[PDB]
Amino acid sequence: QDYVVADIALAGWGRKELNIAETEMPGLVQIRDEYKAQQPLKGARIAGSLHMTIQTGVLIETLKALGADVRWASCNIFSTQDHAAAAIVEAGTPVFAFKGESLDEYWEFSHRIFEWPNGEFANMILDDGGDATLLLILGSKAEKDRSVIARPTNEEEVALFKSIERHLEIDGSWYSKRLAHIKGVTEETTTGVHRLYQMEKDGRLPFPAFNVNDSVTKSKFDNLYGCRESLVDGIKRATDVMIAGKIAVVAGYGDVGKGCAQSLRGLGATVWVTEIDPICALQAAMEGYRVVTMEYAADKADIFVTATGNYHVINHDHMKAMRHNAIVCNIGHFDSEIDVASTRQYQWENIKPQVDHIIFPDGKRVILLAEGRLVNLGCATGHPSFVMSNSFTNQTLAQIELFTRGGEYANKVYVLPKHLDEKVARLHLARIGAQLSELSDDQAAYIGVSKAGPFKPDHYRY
């Protein structure tokens, strides 16, 4: 069995949910129809490391419909949907992923996506978080200098370092010969992208890399629209609270905060915003939101939402000043936006999964969601498929561009070209009934663009 999944019997269920997801992921489905004849990924052998969910499944089969051969693993030990994995295997793709897998299994499975049968090699990486890429790069270094895997600080490292030693025993140059076949990497997260920029700095980047995280279509959907669609859903599943008439404070008015504010206001909450950036604060104010400090908000608001990407924006003294049964949640950085640690010295009482009462020295209670982790993933189900369709359609056009024209690119990190970012948007228009107009020749000349785009300058903010 060239796969490791929870239970292949879950395949039929997975296929039914794939069939449903496809309708909500028109960008991916339309790429299949458009590039059918050309088979642009014929000859591509893609190693993929990305949350093994139903939506990722639609991406896998798009890559296959375009001609790719694919091996897949999850980028997280808990994010796999076992029935999705099952259905993808049943359809003929090696998957090494199950929910609740150990760290040892995680790093093993990250090797498996790079062990192709019949003397073959992966020639593309599709990554989320950069673990797959990190494995080849660090393993290659360990070949020359074992010391780099000699002193593991944490738990993830013990498992990573150990897995590398195990493969160096199979083949003393296990990693470098595999790295030599990679034609391109496409990466979609902030952390993965930071890692690539550092490799480039260190002269350690041996192929072109596409930063897809910073495209307009990916960032708007992943940040603004995705969280707008999901904040209130998580709050309601957890608490069933009435939103109308409540004071809700959103910390941060970037893309995530903008979406949060908009959804809360759409239900009749009074929305306050906190900010450290005066441009963002002024944007919030021009939408009729009151811009306040968290000190001011702390004893007044009913609902607190953190969207700053920063550290301890809701702190011990804020919570201490809070109203009884104030609801506190986080939709920003995966942790530490709220100082949950500083409340651990007080009585807690579980209300239900991902919902807890914290009881302060005076008997005043606060309701905390997902233990200060991401409310949209802990109390709801994360981004809807249409949102993920925009992210994954980016990843797909990036794979096509590097596999197909990667020789035109240096061994550097590149943001997706505007014309492909525009194409991502265009691929989603028919689903939602939007009719795109066309410039005439005179009009294209008049505003100084090609009829085919790109339509805006690189500095354009949308």
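Residues carry their position along the shown sequence, with the first being 1.
Compare the mean C-alpha B-factor of 239-247 with that of 106-114 as given in the PDB entry, and name the stretch with the higher value. Comparing averages over the C-alpha atoms only gives 106-114.
Of 275-283 and 381-389, the one with larger mean CA B-factor: Higher mean C-alpha B-factor in the PDB entry: 381-389.
Which is it among 318, 258, 99, 324: the one with the largest CA B-factor in the entry? Of 318, 258, 99, 324, 99 has the highest C-alpha B-factor.
Reading the B-factor column of the entry, which of 156, 337, 356, 222 has the highest value at its C-alpha atom? Most elevated C-alpha B-factor of the set, per the entry: 156.
Going by the CA temperature factor in the PDB record, which third of the chain does residue 78 belong to: lowest, middle or highest? Within its chain, residue 78 is a highest-third residue by C-alpha B-factor, going by the deposited values.
Chain-wide C-alpha B factor ranking for residue 425, given as lowest, middle or highest third: It belongs to the lowest third of the chain when residues are ordered by C-alpha B-factor.
Among the chain's modelled residues, which third holds the C-alpha B-factor of residue 229? According to the entry, residue 229 has a C-alpha B-factor in the chain's lowest third.
Among the chain's modelled residues, which third holds the C-alpha B-factor of residue 302? CA B-factor rank for residue 302: lowest third.
CA B-factor ranking of residue 309, expressed as a third of its chain: CA B-factor rank for residue 309: lowest third.
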